[PDB]
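Protein chains: 4
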Amino acid sequence: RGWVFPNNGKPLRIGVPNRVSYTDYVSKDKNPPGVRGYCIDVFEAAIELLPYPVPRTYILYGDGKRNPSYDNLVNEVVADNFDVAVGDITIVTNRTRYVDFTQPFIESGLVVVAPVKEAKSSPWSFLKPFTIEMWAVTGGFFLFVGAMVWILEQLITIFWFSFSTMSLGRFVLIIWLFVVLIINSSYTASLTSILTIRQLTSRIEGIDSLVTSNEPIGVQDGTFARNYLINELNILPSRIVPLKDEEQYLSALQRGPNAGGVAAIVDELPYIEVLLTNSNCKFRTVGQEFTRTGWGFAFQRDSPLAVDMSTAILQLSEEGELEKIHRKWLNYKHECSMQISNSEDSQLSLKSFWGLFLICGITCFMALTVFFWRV
Amino acid sequence: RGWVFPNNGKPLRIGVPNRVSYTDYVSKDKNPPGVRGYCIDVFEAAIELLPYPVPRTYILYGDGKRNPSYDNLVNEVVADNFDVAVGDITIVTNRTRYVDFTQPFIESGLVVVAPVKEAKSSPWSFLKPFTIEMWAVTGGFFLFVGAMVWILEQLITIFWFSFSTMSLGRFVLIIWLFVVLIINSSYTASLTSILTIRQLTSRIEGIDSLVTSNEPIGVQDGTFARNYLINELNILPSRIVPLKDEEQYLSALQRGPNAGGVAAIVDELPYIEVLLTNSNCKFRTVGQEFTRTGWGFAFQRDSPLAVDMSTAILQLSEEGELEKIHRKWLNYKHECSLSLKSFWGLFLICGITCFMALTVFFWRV
Amino acid sequence: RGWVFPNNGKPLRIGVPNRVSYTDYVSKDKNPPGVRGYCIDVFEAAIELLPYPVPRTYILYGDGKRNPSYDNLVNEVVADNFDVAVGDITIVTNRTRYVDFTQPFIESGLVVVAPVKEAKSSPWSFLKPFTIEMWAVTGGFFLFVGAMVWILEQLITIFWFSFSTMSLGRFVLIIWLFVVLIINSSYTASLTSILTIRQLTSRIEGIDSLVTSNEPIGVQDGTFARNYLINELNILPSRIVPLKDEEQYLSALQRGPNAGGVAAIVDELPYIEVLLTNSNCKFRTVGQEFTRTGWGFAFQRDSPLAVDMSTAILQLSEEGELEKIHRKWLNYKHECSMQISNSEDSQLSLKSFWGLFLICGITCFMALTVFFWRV
Amino acid sequence: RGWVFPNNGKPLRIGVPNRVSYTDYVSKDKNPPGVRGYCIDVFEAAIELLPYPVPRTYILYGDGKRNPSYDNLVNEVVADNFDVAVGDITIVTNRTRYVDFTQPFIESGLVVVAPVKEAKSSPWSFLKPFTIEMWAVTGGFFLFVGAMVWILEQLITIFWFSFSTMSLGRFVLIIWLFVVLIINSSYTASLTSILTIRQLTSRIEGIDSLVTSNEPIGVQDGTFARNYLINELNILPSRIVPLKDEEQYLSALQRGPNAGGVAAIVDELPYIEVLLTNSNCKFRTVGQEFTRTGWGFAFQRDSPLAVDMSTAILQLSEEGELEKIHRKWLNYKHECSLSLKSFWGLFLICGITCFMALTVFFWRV
Ligand SMILES: *[C@@H]1O[C@H](CO)[C@@H](O[C@@H]2O[C@H](CO)[C@@H](O)[C@H](O)[C@H]2NC(C)=O)[C@H](O)[C@H]1NC(C)=O
Ligand SMILES: *[C@@H]1O[C@H](CO)[C@@H](O[C@@H]2O[C@H](CO)[C@@H](O)[C@H](O)[C@H]2NC(C)=O)[C@H](O)[C@H]1NC(C)=O
Ligand SMILES: *[C@@H]1O[C@H](CO)[C@@H](O[C@@H]2O[C@H](CO)[C@@H](O)[C@H](O)[C@H]2NC(C)=O)[C@H](O)[C@H]1NC(C)=O
Ligand SMILES: *[C@@H]1O[C@H](CO)[C@@H](O[C@@H]2O[C@H](CO)[C@@H](O)[C@H](O)[C@H]2NC(C)=O)[C@H](O)[C@H]1NC(C)=O
Ligand SMILES: N[C@@H](CCC(=O)O)C(=O)O
Ligand SMILES: N[C@@H](CCC(=O)O)C(=O)O
Ligand SMILES: N[C@@H](CCC(=O)O)C(=O)O
Ligand SMILES: N[C@@H](CCC(=O)O)C(=O)O
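Residue numbers (UniProt numbering), protein chains in the order written: chain A, 483 to 635, 649 to 661, 672 to 880; chain B, 483 to 635, 649 to 661, 672 to 842, 853 to 880; chain C, 483 to 635, 649 to 661, 672 to 880; chain D, 483 to 635, 649 to 661, 672 to 842, 853 to 880.
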């Protein structure tokens, strides 16, 4: 093959982004190579597939405070300050136009990570729709009416239950009938209004729910997704909030959309699978990937090293060592199937009726103990 | 550029408001600048964006006891006692008529602050479904169908109450039971559709809910929103109550509308974010910005020093420095923030009917 | 007073907007003055209050196809192509900065005009929540059960109504009880679900409801309100739809938010009071004015004719002739109080119970005719 | 500008797709240009914005029977049989890898079209509140409390059904009646919260609702969305069904998924607006644009003629001419577009229990 990479004093200026969060893909290091992460060693393993002994260098790009803007990093490959950008560079439609990429060594897609549904189930959830002061007064003004039925008339007390089945005490019964009819509808409304607002809360089941909800959306700093959601999804820039690091990415969702926080974070798929292992079982990609392109190495435009390394990636992809390096660093995977595309429907709490029928079980057994007490 | 600011024996007469409350934006200071606050430091950096060395002074305007009228402070720039007014001057139309502002360096809006309150009404809120004409139609036809019991028969009325509880007259029981079964669902469906939307209406408020309610309205001392609601919203001046400092903004709302206090203070947006940070979240912005203009610096009219200081604000804002100045002083976002049932109306009917029966038992005994 | 307007060959270049819709304020005309409308004669009446015999001209600005952009018209006063703009120029905060205005001869405010609530009231509204095929089958499977009660057992037919008040036919009654219990809840839900969606439809009760509803909003062509709702209210430009003329302004609201239409039109107050007289009783300003500034005449910046005509307006405002000219053209006023800030609450249809109790009145009278038939 | 397009004996080889369906964007023509459609007239005006006289020709690419693969049409620009491809070429990544596009002159997205359909399910939708474990808990404890009737007493079970309808055992009637009264409201509140949100969920659809449902998917002939869903969305190719023309887009959805037809055609946004204008509103876009890129013109890679033709699109669009060209061809917005009850499940139970009683009456008679 006619190209020979020259043997001269200019090295290969690998541009390295200076990542603050997600130091497992690419990061600053104290070692004699100088850089650490995943795509570094991916780029390292691509060297031995080529017959070129390649001298090179590693230049960190951003600061040590926040993530570097890759569109500025791509421009520094356009401006020929660098020879090649190696990192988490996502193939975006401008970026394809201005520089040259390889084949995607890995795939990726923009996801929506969001807090999961925490739905309660208790005997408290059964007795929920009235106040604790209301459940005593309503039962209190049954016996308060029933004590007046005595004036119209434990073993002595059971006789009035026979007469309260179906003069002046009949007029007491008529108004007491209108009591129960409203408390029928009052419990009906107050349980409906809880089962409605629980369904009609601030929810998202995809990017389309997240666009039209006019809520603040979190992103990371220096990514395409800020200028992607503006230029494509028709989102106001005041919704889109950049965020610096993974310790901030949680507490912006621990606060939820309020306390200054955002509704949800839109990031790429392989960042979030690290984040799920980094977090507890509280979050999930609520939809599918809505922009699925992948990564790649940014080269100089019309570089002869492209088709060399484009073949080397596809060769190494067939050899399975790409997945073996993907086992060395990116072994962090856990499902914790909290919710799995759960249909929001009727779904009445199974423990809410663990509080009804077991108190009914107490009553039937207390009926049976007094039954044996006669025996 | 043709204009160069000359360096003669006269300095630049910056008008500074003698600010009493909210001393984070601007304040009297014992430093050798003599000034302290946000809009000072906003002004200082745009000086450093000029190609000019700018000799300048700072003069406090009003009395130290109360906040002065900024329109009179604007008027001194018209009266040429100052070269430029720097402070919390908010862009109003007749303020723009006489002096020339800069671009807005911050965004401010008129909001209404008011205490948070309960949502549940009286015993009559229990009765609120079924508009009250149709209760008399209900109870009227309730007894009118019960009059058909007495056809199909003090001693006769008890027999009319005997078959009322539980032939052709028992076919009348068939049709009426079908009716009141619907009325049971009709009162149910009306009650549900009230208690559902009242958990979704966060908009049950408004500036008009204050205008129509002829309540005492608190205002801060020396502001445009005093004269703004009078000329535009036509609100009576007896409703408008001035306030001099920050702690009086609380106690006039601690007392509520009664005890001499005010119901809802109409102040600007960036002031309320300071004060709600200072307190607990017992006080709420009942709506949104009903008049949103923003602040600005007021040079004397047709002065070329306004022009480059306008563009210097644009260059400094797009750089991202005003926000860094903002976090230096106002990084203050410390803001906190199901369904149940409580009423008393039907249990009064539990009290009326039951003690009535004791008298008849006392009249029998 | 030291100023004297000169007696020379240059006339007074009055800039006149070429209005397509609302030709009652200012319009092209075939007359020797050349222009027609309201603010023309307002400007005409301001001349005789000044002691200056003023020669002048009238220049139409826009085309005959759509309304001219007044910010371009104000710029043509800045660019000194014109001496004065006379028309519907609203005092906006840039416009105060770049030119000089008079005092407002009239006041105005941005309103929200919107379709009114049409709520139905009928005996059909009573029998609404089931299908017409359902109201016959449900009543059909009462007598279908009741015909089996005959096998357990008009003047002969009335006997089973006595036995259906409260063996194997008792087992028929138990399942028939479970029929009515569900149809109780089935009518309860289907009437709730109609009374809920009627409340939770696409509604607006102010500008704040109209901002957060992310709906298309109509405006007129060449106004500040397009660049006002963007720069202040934080509204996406794809919602804001300009519209050319008053025959289009109706059919964009006759279609509602769908069929390509918009949700509501935001215009100034004096345009909409013409539009209400121009329309039937179908629309109303649903809120108060949320941006209330008024009109004025745009002058050259630092013109001596300002304080002359600023005094002349305030003089004529005190004389009441300003309202008399406001009677010559702007006499079009009608209320037609369809809805007047109506509280959306319980409000159960009075004619829905005109269908219940009158059929109950038929039944009670048919009971009384057979009562007299025995007599 | 350094480059000038030379005027030698060779013209500009515009690749034109031999377009069969949707002949409003581009079509074979008998005119002396030989071309007719939208993207032609979009191309012609940006020629007139150049400082150049541009000699040019037009060649139809594919067969007139079917729509050709545009990727092969893109490949001929790579194969240098054409100088530039002009048509409905949509910007894809590997399409951008080999040739150089212009800026997008129109905005297109992938949508899914499908017929409108009913929302009500079977007799089991009547039973859908109360998850089916809790019906057996209901009916199990319904008869278990009815077993306490028989303690407090074929002839004995009828007496157990006698007191079941309407002492210490009558105190058991007190507590159980309180329970089933709640269950009446619990089934009511569960049914209401289903029939309320199902009038608010317009989002009960999706591309994933087609992916998981392993349905036949119709595609147009010679498109990227054929190969797009295969490589990206991993959908099996047996689901994918090609279609050659416009009338076959209807009849494969007239037949539905069965009778050999397809369930939902995935085509681009500006095609669907043509076709839904052509038909009645029986066919719906089930969601939004799940892949939105836009069209473009494809010059040969690293040709300077792409650069000025890119900026000419920007100058012509901001002038407002592309929309006037758009109304000349596609001014087509002709698009049309309460709650009730219908089910059959409980009336089958009306059929089961009643005809069972005729047998016992026949067994008695
Ligand atoms: C499209 O991508 C490019 C590069 O990221 C941007 O276009 C120009 O790129 C050059 C680099 O040679 C810069 O000098 C220009 O300033 C860029 N122009 C603009 C307007 O930014 C451009 O930012 C991207 N476009 C979008 C919409 O994100
Ligand atoms: C709008 O602002 C102007 C400018 O201050 C006000 O006009 C001044 O009013 C004071 C009141 O005593 C007087 O000095 C003059 O009448 C004006 N001063 C000038 C012209 O220098 C005007 O009153 C304000 N409008 C309203 C409604 O208050
Ligand atoms: C504010 O109003 C002015 C006047 O219409 C606009 O500012 C500039 O006005 C000059 C007139 O000499 C024009 O030549 C400039 O093009 C205008 N600037 C811009 C950026 O267009 C200005 O547009 C208005 N502000 C807004 C937000 O619309
Ligand atoms: C993306 O486009 C390229 C360019 O056409 C495709 O590569 C070609 O594939 C055809 C298949 O027969 C062959 O001619 C060559 O392998 C390629 N031609 C070239 C490089 O000129 C590529 O296959 C497309 N991607 C996918 C996933 O189909
Ligand atoms: N995938 C993103 C990452 C940006 C970042 O890490 O800051 C990109 O390539 O633009
Ligand atoms: N923005 C107000 C502030 C008034 C005050 O702080 O007293 C004004 O300029 O009038
Ligand atoms: N009041 C609007 C009217 C605009 C118009 O009529 O086009 C303005 O002055 O800008
Ligand atoms: N936008 C599609 C159109 C395909 C077609 O019309 O057949 C493409 O470029 O592939």
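Idealized CB from N, CA, C, for every residue including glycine.
Cβ-Cβ separation, residue j to residue i (assumed contact under 8 Å), whole Å
i	j	result
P499/D	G546/D	Not a contact, Cβ separation roughly 11 Å.
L738/A	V724/A	Incorrect: roughly 12 Å between the Cβ atoms, too far for contact.
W834/C	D506/C	5 Å
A768/A	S718/A	7 Å
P515/A	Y540/A	7 Å
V566/C	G497/C	7 Å
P605/B	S695/B	With a Cβ gap of about 17 Å, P605/B and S695/B do not count as contacting.
Reduced DSSP secondary structure (H/G/I, E/B, other) of residue i
i	result
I740/A	coil
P809/C	coil
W800/B	strand
residue 440/D	Since the first residue of chain D shown is 483 and the last is 880, residue 440/D is not available in this structure.
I687/B	helix
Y543/A	coil
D523/B	helix
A817/C	helix
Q725/B	strand
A768/D	coil
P605/C	helix
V791/C	coil
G497/C	strand
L748/B	strand
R832/B	helix
Inter-residue Cα distance where the pair is residue i and residue j
i	j	result
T868/C	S857/C	18 Å
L853/C	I571/C	47 Å
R501/A	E773/D	38 Å
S822/B	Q805/B	23 Å
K510/D	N490/D	27 Å
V486/C	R579/B	23 Å
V568/D	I529/A	41 Å
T874/C	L609/B	38 Å
### Message
Residues around ligand 2, please: the condition is that the C-beta lies closer than 6 Å to some non-hydrogen atom of it.
### Response
That gives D553/B, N557/B, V560/B, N576/B, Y580/B, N732/B and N736/B.
Notebook entry, point to check: What are the uninterrupted segments assigned as beta strand (DSSP E) that are 3 or more residues long and contained completely in the segment 564–601 of chain B, given in chain order?
Noted result: Runs found: 591–597.
Lining residues of ligand 5 - beta-carbon closer than 6 Å to any non-hydrogen atom, in sequence order:
With the cut-off at 6 Å, the residues found are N549/A, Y552/A, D570/A, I571/A, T572/A, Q725/A, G727/A, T728/A, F729/A and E773/A.
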